[PDB]
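Let me begin by presenting the structure, written as structure tokens, before commenting on it.
Proteins come first, then strands; the chains are lettered A, B, ... in the order of their sequence lines, and each starts at number 1. Note: hydrogens, waters and symmetry copies are ignored here, and every other heavy atom, side chains too, is used.
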Amino acid sequence: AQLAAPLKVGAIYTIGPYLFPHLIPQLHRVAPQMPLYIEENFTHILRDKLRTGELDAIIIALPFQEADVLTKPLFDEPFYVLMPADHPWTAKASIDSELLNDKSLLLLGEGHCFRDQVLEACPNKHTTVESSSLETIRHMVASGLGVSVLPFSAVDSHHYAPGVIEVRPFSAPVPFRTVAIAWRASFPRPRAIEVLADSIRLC
Amino acid sequence: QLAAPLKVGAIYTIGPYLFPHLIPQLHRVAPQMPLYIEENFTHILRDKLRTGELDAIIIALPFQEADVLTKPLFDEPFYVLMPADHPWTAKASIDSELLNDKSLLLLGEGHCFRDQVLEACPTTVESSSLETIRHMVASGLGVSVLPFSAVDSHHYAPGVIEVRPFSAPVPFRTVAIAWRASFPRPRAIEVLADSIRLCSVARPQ
């Protein structure tokens, strides 16, 4: 106690894969004896589990407000455009958002908050592929199927040799999202939460 | 018949470790066929293959359905994943009976790899995937089992996780590809299969 027991952390699908690899060793450096029971899911589900006590702390994107749950913004994360290496846009330095409504744009299905954020960053012509992760989308743009949008932390977390996929920033103003941690106020281990947060910011 | 997009499904425990090698090889022998990709459970891929919204699926045996051709591609061994501090680090290989422990982390019920691991043995994190399992192992939560194609597919610096082979006889799965018998594009199937076979070849350091 109180840094001596497993901590149950949830995160949304479009954050966990890109955060945990950085998070775990940084957490380890401060916090050698606490392992993480991890779950990745949609926002509302992580919220329900946070409420029922199945999860102790969740990682979501704003907006997010929950009874008896404290919510601290952790950082901001700009979006980037993902494309095949032979795509015309590779000649551009940045991509204006208005260019993005086109059948060639590949989106997550409903339920993903990132989907709505991307849609809001755009000016109805799209391709939605359900039961998809961001990685699956990266694979299909790598095969030359279309083009997509990623959060910053995901752009280089892949195992593709150079010359397969290219990433270009958005033209100003760059759309982004706000990453935040949530935990319940009555949580008997506040120092575990602070360790978690501090470790997240140092990434 | 190699200038149109091909619709491919694969099970959760195969795709993430296959596509990073499959896509380049595929453009290299077939640069005008992009993949529409889906990852899901075996039965869902089966149904999607039968309905025709998928053209081919990549699965593990056993697998046999009427009016569906199935071609075994290769054998992939299993490996044991552990924290870098874990005492099993001292071991060269790990006896399968040692996976009789609550430390052992498994996938949900819908995954065929769960069953395969359970068959190779004497707690379950639900709706999990292998990467999440890797993360929790990396945090020190326990120990797990991976297919070989997944043991290097991570972004942790060395010194965080370690992998050891099973003691002989080593457990394995058989990766295969399935497609409709009267599928109008057999050549694409053959390319895809060969490319998949190539992926099974681990590139030396």
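With contacts defined as side-chain heavy-atom distances shorter than 4.5 Å, the pair B:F166/B:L99 qualifies.
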### Task
I would like to know whether B:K71 and B:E190 meet salt bridge (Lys or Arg N to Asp or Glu O under 4.0 Å); could you show each step before the answer?
CA-CA 10 Å; B:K71 176 154 55 183; B:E190 295 298 319; 2.7 Å; yes
### Message
Is there a side chain to side chain contact (heavy atoms under 4.5 Å, CB included) between A:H126 and A:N101? Walk through the geometry before answering.
### Response
CA-CA 6 Å; A:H126 299 321; A:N101 93 322; 3.4 Å; yes
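For B:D47, the salt bridge (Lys or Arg N to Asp or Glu O under 4.0 Å) test picks out B:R50, with sequence neighbours left out. The ring pair (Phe, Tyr, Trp, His ring centres under 6.0 Å) check on A:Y37 picks up nothing, with sequence neighbours excluded.
Contact between A:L145 and B:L35 at its shortest, heavy atoms only, is CD2-O, 3.5 Å. Annotation for A:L108 and A:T14: closest pair CD1-CG2, 3.7 Å, computed over non-hydrogen atoms.
Electrostatic pairing of B:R134 and B:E131 counts as a salt bridge here, judged by a charged N lying under 4.0 Å from a carboxylate O. In this structure, A:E130 does not pair ionically with A:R115, as no charged nitrogen and carboxylate oxygen lie closer than 4.0 Å.
When only modelled atom types and interatomic distance are considered, A:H159 and B:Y17 share no side-chain donor-acceptor pair under 3.5 Å. Counting only N and O atoms by type, the side chains of A:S153 and A:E77 include a donor and acceptor under 3.5 Å apart.
With B:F113 as reference, B:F78 is the one residue of B:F41, B:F78, B:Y12 to meet the ring pair (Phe, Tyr, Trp, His ring centres under 6.0 Å) rule. Tested against A:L196, the residues A:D56, A:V30, A:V9 include a single side-chain contact (heavy atoms from CB on, under 4.5 Å) partner, A:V9.
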